[PDB]
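For reference, the structure is listed below as C-alpha cells.
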Number of protein chains: 4
Amino acid sequence: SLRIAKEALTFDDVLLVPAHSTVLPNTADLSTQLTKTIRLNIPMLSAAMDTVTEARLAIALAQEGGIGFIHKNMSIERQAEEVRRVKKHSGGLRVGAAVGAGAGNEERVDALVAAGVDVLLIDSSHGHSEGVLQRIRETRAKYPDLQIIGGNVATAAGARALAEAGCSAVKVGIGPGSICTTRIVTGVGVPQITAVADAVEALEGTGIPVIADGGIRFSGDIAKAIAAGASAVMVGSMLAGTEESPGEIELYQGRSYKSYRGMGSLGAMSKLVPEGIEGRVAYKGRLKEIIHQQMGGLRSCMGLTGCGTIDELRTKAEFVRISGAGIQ
Amino acid sequence: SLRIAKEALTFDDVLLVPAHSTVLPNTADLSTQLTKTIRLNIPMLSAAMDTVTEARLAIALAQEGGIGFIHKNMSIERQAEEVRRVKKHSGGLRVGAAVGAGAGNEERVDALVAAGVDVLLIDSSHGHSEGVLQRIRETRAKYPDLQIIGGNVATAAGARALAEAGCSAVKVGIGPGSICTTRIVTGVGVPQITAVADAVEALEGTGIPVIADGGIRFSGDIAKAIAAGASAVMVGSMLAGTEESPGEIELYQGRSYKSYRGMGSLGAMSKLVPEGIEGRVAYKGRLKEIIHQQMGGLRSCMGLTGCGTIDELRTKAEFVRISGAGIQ
Amino acid sequence: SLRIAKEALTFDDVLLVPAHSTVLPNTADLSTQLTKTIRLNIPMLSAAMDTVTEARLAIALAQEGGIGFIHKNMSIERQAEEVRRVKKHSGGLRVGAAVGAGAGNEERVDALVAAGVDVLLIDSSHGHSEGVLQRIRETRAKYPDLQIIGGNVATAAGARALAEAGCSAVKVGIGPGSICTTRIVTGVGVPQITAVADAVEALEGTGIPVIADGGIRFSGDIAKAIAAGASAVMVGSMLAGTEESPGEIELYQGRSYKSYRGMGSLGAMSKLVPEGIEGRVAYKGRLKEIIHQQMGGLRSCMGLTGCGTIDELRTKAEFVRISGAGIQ
Amino acid sequence: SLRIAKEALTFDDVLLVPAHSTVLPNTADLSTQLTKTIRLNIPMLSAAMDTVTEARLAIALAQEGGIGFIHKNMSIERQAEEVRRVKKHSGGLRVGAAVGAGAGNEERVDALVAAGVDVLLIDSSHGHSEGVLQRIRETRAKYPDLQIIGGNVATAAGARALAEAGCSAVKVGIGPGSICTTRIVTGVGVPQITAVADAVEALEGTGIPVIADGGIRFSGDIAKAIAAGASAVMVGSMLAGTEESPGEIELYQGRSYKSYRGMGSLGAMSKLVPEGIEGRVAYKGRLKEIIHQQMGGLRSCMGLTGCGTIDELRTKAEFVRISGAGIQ
Ligand SMILES: C[C@H](Nc1ccc2ncc(CO)cc2c1)C(=O)Nc1ccc(Cl)c(N(C)C)c1
Ligand SMILES: C[C@H](Nc1ccc2ncc(CO)cc2c1)C(=O)Nc1ccc(Cl)c(N(C)C)c1
Ligand SMILES: C[C@H](Nc1ccc2ncc(CO)cc2c1)C(=O)Nc1ccc(Cl)c(N(C)C)c1
Ligand SMILES: C[C@H](Nc1ccc2ncc(CO)cc2c1)C(=O)Nc1ccc(Cl)c(N(C)C)c1
Ligand SMILES: O=c1[nH]cnc2c1ncn2[C@@H]1O[C@H](COP(=O)(O)O)[C@@H](O)[C@H]1O
Ligand SMILES: O=c1[nH]cnc2c1ncn2[C@@H]1O[C@H](COP(=O)(O)O)[C@@H](O)[C@H]1O
Ligand SMILES: O=c1[nH]cnc2c1ncn2[C@@H]1O[C@H](COP(=O)(O)O)[C@@H](O)[C@H]1O
Ligand SMILES: O=c1[nH]cnc2c1ncn2[C@@H]1O[C@H](COP(=O)(O)O)[C@@H](O)[C@H]1O
C-alpha cells in the first residue's frame, strides 16, 4: 500500500460550467485584492524571471492594471535602481521585487524598501523550507507594514505556514511552470488546480489571497485558476518574448524570437542540479495587445459563468471533471 | 476542495451496447419530432453558419428529410429573401432562420415570420444569458404559435430556463464544435454526451425535444447523441465543403477545398475576443451522398441495438464507458 | 443521467499477475476444448475472411494444432470444394466453414455438411439478431450432432441467446477487429476483455466454450483473452500476409505485401454502409514460424502465471488494471 | 466479471508531495542498507546485463558508493576473474555477481564465493518460480552468511516466498525495463510503483530490503521508487552507453553510441521466445558525472520532502495520484 494523499487535478482535467448570467463580458469587473491593502485592476502578475520582468515590463503591466516583479538575478544596487525607475515613472505605478531566502539578502530587502518597493516577494522553489519561513518572520518583524508575498507552496500545510510566518499573500506552484523540470528531476509536484484549491481552503477567513503561479498557457487557464480560488495569477511564458521583456530580439529563419528560461536553468544559475530549461519563444509584440486578448478571454468566461467580479468567479463558478478524450 | 459538480463524458468516452434485434437496418424509421408540431424524416439539422447554410444547402437537406438554418451573417432583407427561395421552391420544403439575441433583431424576426419561416432559431453562444431568455419570452408573446429553438445550453438548469421562456426545442452544446475555441479562450465547456443527457433529463415529460449541436465527426457520434436523448443533431463540419454549401471551391495543390470557420472567428466577426478558428475543409461533393452514408451508419446502429425508431434509440439503447485505451 | 451499463476494458487496460509456478514454459499444455466434442492442440482459429482463410491456410493451421474457417465470399460449390481439399488431405485434419445468416444459405450448409465440415460457423456481425438465432435453431434441428459456432456477441444476454439457440461454441467480438470501423460507423462496440468475461460468466456450467475474436495484436493479447475466460482465440491480422493465406504477394518499394481487408469493406462487399477498411499487410512468411512465436509467448505466460493448462489460465490467472501511463 | 486483483500504478501515475523541510539538499544522507550487513553510500545498483556491468563499471560505481553486478553471460572462470579484478582493486570495493537458476550453476556460485563476491544475485525473470526458490534454499544452506539477492518478483506473495527461501534482499520488477517486451510477449507485468509498495508492505518488520529494478528513466523515478519503499534502485538504461560499461563505442552519423539490449534479446540469448529488444544508446561519458546528476536530483527531492535520510524518504514522503493530463 502506497502513501497516496489524494488525486490531484491540473488545468486540462477540468472545465467551467456555464450558468445563468446577467453579466455582459464588457461590464465585467476584473479588479482584485492582491493583499488586504493592494488592489490591482487586472488579476495579472509578471514572473520574477531574468527573461520576463525588469523595469520596462513592470511599467507596461502596471499601466494595464497588473503588477511586475523585478527578478533577483542582478546586483542589489542594480535592482534598487530598477525599482526606482518604475516608482519614479509618472502615473503612480506599483512595483514588486524578488529576494532569495539565503543569507545575505537582508541588505537587498533594505535597499528595495528604501527604493520604494510596494511588495516584497520572498522567492523560493520551496516555501515550506524552514529557512524561507525564518526569512519571512525576520522581514515581518523589521517591516510590520511591508506587503510580503511568500512562496512557492502547493499544500494546505504550506499555505498555513507562510500565513503564520506573516505573508500578506501566498504564491502557489510546485512543478507547473512551462519551463519547469522539477517534476522530472526531483519527482515532486502538485497539479495546479488542486494545489490552488487546497491553499485557498487552508486560508479561508484569513483575508490572505492566493496567487496561482505557473502553467497558465491560455486565457481559459486564468479563469480556471481564479475559479479554483486564486485572487490573481503569475505568468512567465505568456509575457516572455514581448517587446517590454528584457533581452534582445533574435532572428532565426526569418521569424523573430526572444530568450525564455527557468531561473533554475544552467544558464540562469551561472550548488544544485538544474530544474529548468533554456529556450527560444516567438516574439509576441506589445504587452498591451496580449493583456487585451487574455483579459477578453477572462471577460467572456465571466459572461458565461454569470460572475460579474473576480470574487464571484473565485467563489460561485463550478467545474466538471473531464477524461483524456474530454481534453483532445 | 474544488467545486466539481460531476464528471462529464464526451462521444469518445462511450460505446453503444449491441442488443437483441428484430430490426433490419433498411426497415429502420429515422423520423423524429423536432418540435411537437414539426416532424423531420431524418434527425439532421444544418448549422446556422456563413460557411454552411444558405438557401441552396437548406433546400438539399430539406429534400433529404432534414432542415437547414439560414445564418444571421447577412442583411435582414437578404435573409428573408433566402427564406423565400427555400419556401417558394417546389415540394413544400421547411426552413429555419437564425437571429441574434441583441437589440435590433425584432425587425429581423418580423421579416423572417412574413417570409414564411417554419422555425425561428434564437442563436446564442450562451442560452442561459438573461438577454437571450428575454428575447425568447418577447418572441413567444408576439408569436404564440411560432416554432422557436433556443440555445445553446449544456446544463439541466439551462434547458429548464429555455423551456420556461417558451422554446419549442432546446439546443445543447457549449464548447463541442470542431471549429470551437471557447474551451481554450474562456475555460468553459461541458462534454457533449453529459450535456445532452442532463438537458433531456431536465425536460422529461415536457414534450420539448433536445438538439445535440457540435462535435459530430462520424455517424457513430449521431447514434451516441440520440441514445444520450437528443431528438436530432446539428452539424457544421459534416456539411461544410459540400457543393450546396455557400462560398466558392478553392484549388490548393490539386485537391478541391471550401472555407469552414466558426461564427466567432475574426473573419466571421468582421466586441469580443474570437472563440472560433478559420480553416479549409476538403470538398465533399453532393450533400445527398453524405446524408446517405451518415444515415446508413445510424441505420446499422439501429439494427445492432434493436431500436426500430428514433424514440427507441433515445430511450432503450445502453452505453459502456471506455478508457483512453478503449478509444485508440 | 446517461444509461451507462458499466465500464468496459480492452487488452491494453490490463496485465496478468505473475504467480508461484512449477510450470516450465516448454512443458505447458496448449490443448483446449473448442466444443464438447472438438479438442484442438493449440487455442488458435483463423478468421473466416477472403484475405485470410482458404484451403491452403486451413491445412497449415490444422497441422499446427489449430483450425481454419473457410470464408463465405465464394460460390457454394467452390466452398464445398475448399472443404473437401482440407478434409481429403492426409493426416485427418479438421476444418470449419462460414455461412451467412441470410435466406438462401440452407443450400450452402447442406453442401458443407456433405463435403465433411467438422464445424459450421454461422458468421454474423450481429449474433443477437433474431434472424441469426432462427438460422441456428433451424440448423440444430436438421443436424442434431453438427458442431455449430455462432456469433458475434459481446454481452452476457447475447452469449445466453446463442447457447439457447443450440450453439456448440459462442464467438465474442463486437468492434475489436484491427480492420473494423463498426465503432466509428455505428457507435456500437464492447471492449474485448469485458465482452469475453461477460460471455464466459453467462455460460458458466454449460460446457459451451467462448472464442475471443478480433483485436489480438500480440501474443500477450492471446494470454489475456484466455485468462478473461476464452477457450480459444480467432485471428485475422496475425495470419494475414502469410504464404498460406489467399491472394498474391505484391512488391511496393522493395518490400513484400499481401491484401488484408474487412469482410464489411467496400471491396469485400462487391445493402449496407461499409464497416471495414481495405489495406496492405507486410508479408509474414510461413504460418509455422508465426504460430511457433505466438504460442511461445503464451507458453512463457503460462510459466509466469503458474498455469500448466489452458483451463488453469482461463480460471486461475489474475489481472491488474493499468492507467494510460501504465500502457505506454 | 474479470479476476482484477487491483489497480496498479507506474512512476508517471504519481508525484511526491512537498513538505515542511529543515533538510538542505547538500546535507542529505544518501546511505542505505542493501542487506542487514551491507550498507551502500548511494542507493544505486548497476544491472546484471552484458551491455552494462563488467569489472570496469562495477569498480567506478563502487567508487561512487553504489554496487555493480557482473552479468552471467560469460564462462564461470571469466566471471570469477571479473569478481577478482573488482575485489583486488585498491580501496576495499564491494562487488556482486549474477547466477542463473538453472542446473549447473552450483559450480558458478562456488567459483564466485571463492573469488570473494560480497553479494550473490540469483538472477531470474521469475523469482516466484519453484526452481528459483529451491536454488536460493540450496545456496543459503551451503553458505549461511552469504548475502543473497533473489528476484524478480512483483507481488506481496512473491516477496514473502523469496524472504522465506533465505534472501538477504528482494528485487522487484516484472515488465518495467526500458528494453523489456515481457508485457507484450506474455501479457504479464505489474506497474512498478505498486509492485514495489506491495513487496515492501509484505516484508515489513523483516529487515529484508527491496530493490526497485527497471523503468528508472529520470532522477525523479529514483525518488519515487524509494518513497514507494525501495531501499535502493537497479538501473540498466541509466548506465548503458557510459565509458565504463562493456563493449566498444560506435560512430553513426557523427554521434557516439553504445549497445544496449535486454538479457532476453535474440542477440543476448545466443529455449524461449525473446522478451527483450536490441538497440543503440547515445554515449553518456563518465559514470561519475551521471551519478552526480542523478543523486543531485534525489538530494533536491530530499530537500523538497523534508526527508534527510533514505529511511525517511522510504517511510514519510507522500504521493498524489495524477491523470494523463497531469503527466504531459
Ligand atoms: C534548482 C532549483 N531551481 C529553481 C528555481 C526557481 C524555481 N521556481 C519555482 C519552482 C516551482 O516548482 C521551482 C524552481 C526551481 C531549486 O531551487 N531547487 C531546490 C530544490 C530543493 C530545495 Cl530544498 C531548494 N532550496 C529551497 C534551496 C531548492
Ligand atoms: C466570441 C463568441 N462567438 C461565438 C459565436 C458562435 C458560437 N456558437 C456556439 C458556441 C457554443 O460554445 C459558441 C459560440 C461563440 C461569443 O459569442 N462569446 C460570448 C461569450 C460570453 C457571452 Cl456572455 C456572450 N454573450 C451571450 C453575447 C458571448
Ligand atoms: C456492413 C457490416 N459488415 C461486417 C462484416 C463482417 C463483420 N464481422 C465482425 C464484426 C464485429 O463487429 C462486424 C462485421 C461487419 C455489417 O454486417 N453490418 C450490420 C450492421 C447491423 C446489422 Cl443488424 C447487420 N445485420 C446482422 C445484417 C449487419
Ligand atoms: C525470455 C525471457 N528473458 C528474460 C531475461 C531477463 C529478464 N530480466 C528481467 C525480467 C523482468 O520482467 C524479464 C527478463 C526476461 C525469460 O527468461 N522468460 C521466462 C518466461 C517464463 C519463465 Cl517461467 C521463465 N523461467 C523462469 C525460466 C523465463
Ligand atoms: O527553473 C525553474 N524551475 C521551475 N520552476 C521555475 C523555474 N523558473 C521559474 N519557475 C516558475 O515558473 C513560473 C513561470 O511559469 P509559466 O508561466 O508557466 O511559464 C515562475 O513564475 C516560477 O514560479
Ligand atoms: O466560433 C465558434 N465558436 C464556438 N462554437 C461555434 C462557433 N461557430 C459555430 N459554433 C458551433 O459549432 C457548431 C458546429 O459544430 P461541428 O458540427 O462540430 O463543426 C455550430 O452549430 C455552433 O453551435
Ligand atoms: O469489415 C469488418 N468489420 C468489422 N469486423 C470485421 C470485419 N471483417 C472481419 N471482421 C472481424 O474481425 C476479425 C479479425 O480481427 P483481427 O484479428 O483483429 O484482425 C474477424 O474474425 C471478424 O470477426
Ligand atoms: O530482455 C529482457 N527482458 C525483460 N527485462 C529485462 C531484460 N533484460 C534485462 N531486463 C531487466 O531490465 C532491467 C533494466 O531496466 P532499465 O533500467 O529500465 O533499462 C534489468 O535490471 C533487468 O531486471
Side-chain angles (χ1 to χ4, degrees), chain A residues 47-49 100-102 123-129 131-132 151-152 154 171 173-177 180-183 185-186 188-189 213-214 262-265 268-269 272-276, chain C residues 18 21 23-25 296 299-306, chain D residues 18 21 23-25 28 45-49 52 69 100-102 123-129 131-132 151-152 154 171 173-183 185-186 188-189 213-217 221 233-240 260-265 268-269 272-277 296 299-306:
Chain A
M49 297 174 77
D123 178 33
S124 183
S125 72
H126 193 200
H128 216 168
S129 181
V132 171
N152 280 7
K171 193 142 70 64
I174 299 292
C180 174
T181 63
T182 298
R183 284 177 193 186
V185 168
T186 73
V188 179
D213 176 26
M263 293 288 272
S265 60
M269 225 128 235
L272 304 153
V273 160
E275 278 179 43
Chain C
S21 185
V23 181
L24 307 178
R299 285 184 174 279
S300 290
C301 173
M302 287 162 78
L304 293 170
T305 58
Chain D
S21 185
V23 181
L24 307 178
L45 281 67
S46 74
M49 297 174 77
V52 176
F69 283 86
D123 178 33
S124 183
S125 72
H126 193 200
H128 216 168
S129 181
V132 171
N152 280 7
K171 193 142 70 64
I174 299 292
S178 65
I179 44 54
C180 174
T181 63
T182 298
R183 284 177 193 186
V185 168
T186 73
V188 179
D213 176 26
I216 300 287
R217 311 153 310 252
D221 300 337
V233 308
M234 174 174 285
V235 296
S237 173
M238 199 166 271
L239 297 178
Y260 188 52
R261 61 183 191 191
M263 293 288 272
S265 60
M269 225 128 235
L272 304 153
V273 160
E275 278 179 43
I277 57 126
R299 285 184 174 279
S300 290
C301 173
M302 287 162 78
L304 293 170
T305 58

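Protein chains get the first letters and strands the later ones, always in sequence-line order, with residue 1 at the start of each. Start at 1 and go down the list; that is how both ligands and their atoms are numbered. Computed over heavy atoms, backbone and side chain alike; hydrogens, waters and symmetry mates excluded.
The shortest heavy-atom contact between D:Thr181 and D:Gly276 is OG1-N, 3.3 Å.
Contacts of D:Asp221 classified as salt bridge (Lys or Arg N to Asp or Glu O under 4.0 Å), with partners at least two apart in sequence or in another chain: D:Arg217. For D:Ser124, the side chain to side chain contact (heavy atoms under 4.5 Å, CB included) partners are D:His126, D:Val132, not counting sequence neighbours.
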Need the list: ligand 8 N/O atoms against protein N/O atoms, distance under 3.5 Å, rounded to one decimal.
{"from": "ligand 8", "atom 1": "1 (O)", "to": "D:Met263", "atom 2": "N", "distance (Å)": "3.4"}
{"from": "ligand 8", "atom 1": "1 (O)", "to": "D:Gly264", "atom 2": "N", "distance (Å)": "2.8"}
{"from": "ligand 8", "atom 1": "3 (N)", "to": "D:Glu275", "atom 2": "O", "distance (Å)": "2.9"}
{"from": "ligand 8", "atom 1": "8 (N)", "to": "D:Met263", "atom 2": "N", "distance (Å)": "2.8"}
{"from": "ligand 8", "atom 1": "17 (O)", "to": "D:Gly236", "atom 2": "N", "distance (Å)": "2.8"}
{"from": "ligand 8", "atom 1": "17 (O)", "to": "D:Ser237", "atom 2": "N", "distance (Å)": "3.4"}
{"from": "ligand 8", "atom 1": "18 (O)", "to": "D:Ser178", "atom 2": "N", "distance (Å)": "2.9"}
{"from": "ligand 8", "atom 1": "18 (O)", "to": "D:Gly215", "atom 2": "N", "distance (Å)": "2.8"}
{"from": "ligand 8", "atom 1": "19 (O)", "to": "D:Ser178", "atom 2": "OG", "distance (Å)": "2.8"}
{"from": "ligand 8", "atom 1": "19 (O)", "to": "D:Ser237", "atom 2": "N", "distance (Å)": "3.0"}
{"from": "ligand 8", "atom 1": "19 (O)", "to": "D:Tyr260", "atom 2": "OH", "distance (Å)": "2.7"}
{"from": "ligand 8", "atom 1": "21 (O)", "to": "D:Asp213", "atom 2": "OD1", "distance (Å)": "2.6"}
{"from": "ligand 8", "atom 1": "21 (O)", "to": "D:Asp213", "atom 2": "OD2", "distance (Å)": "3.4"}
{"from": "ligand 8", "atom 1": "23 (O)", "to": "D:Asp213", "atom 2": "OD1", "distance (Å)": "3.3"}
{"from": "ligand 8", "atom 1": "23 (O)", "to": "D:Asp213", "atom 2": "OD2", "distance (Å)": "2.5"}

Extract all N/O-N/O pairs under 3.5 Å that connect ligand 4 to the protein, and present each with both atom names and the distance rounded to 0.1 Å.
{"from": "ligand 4", "atom 1": "12 (O)", "to": "D:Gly175", "atom 2": "N", "distance (Å)": "3.0"}
{"from": "ligand 4", "atom 1": "17 (O)", "to": "D:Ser125", "atom 2": "OG", "distance (Å)": "3.1"}
{"from": "ligand 4", "atom 1": "18 (N)", "to": "D:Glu275", "atom 2": "OE2", "distance (Å)": "2.8"}

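With hydrogens and angles ignored, the 3.5 Å screen pairs a side-chain donor or acceptor of A:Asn152 with a backbone N or O of A:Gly173. With hydrogens and angles ignored, the 3.5 Å screen pairs no side-chain donor or acceptor of D:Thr182 with any backbone N or O of D:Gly175.
No side-chain heavy atom of D:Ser46 sits under 4.5 Å from any side-chain heavy atom of D:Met238. Using a 4.5 Å heavy-atom cutoff, the side chains of D:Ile179 and D:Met49 are in contact. Using a 4.5 Å heavy-atom threshold, the side chains of C:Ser300 and D:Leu272 count as touching.
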Going through the distances and angles, do D:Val52 and D:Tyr260 end up as a side chain to side chain contact (heavy atoms under 4.5 Å, CB included)?
CA-CA 8 Å; D:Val52 176; D:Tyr260 188 52; 3.5 Å; yes
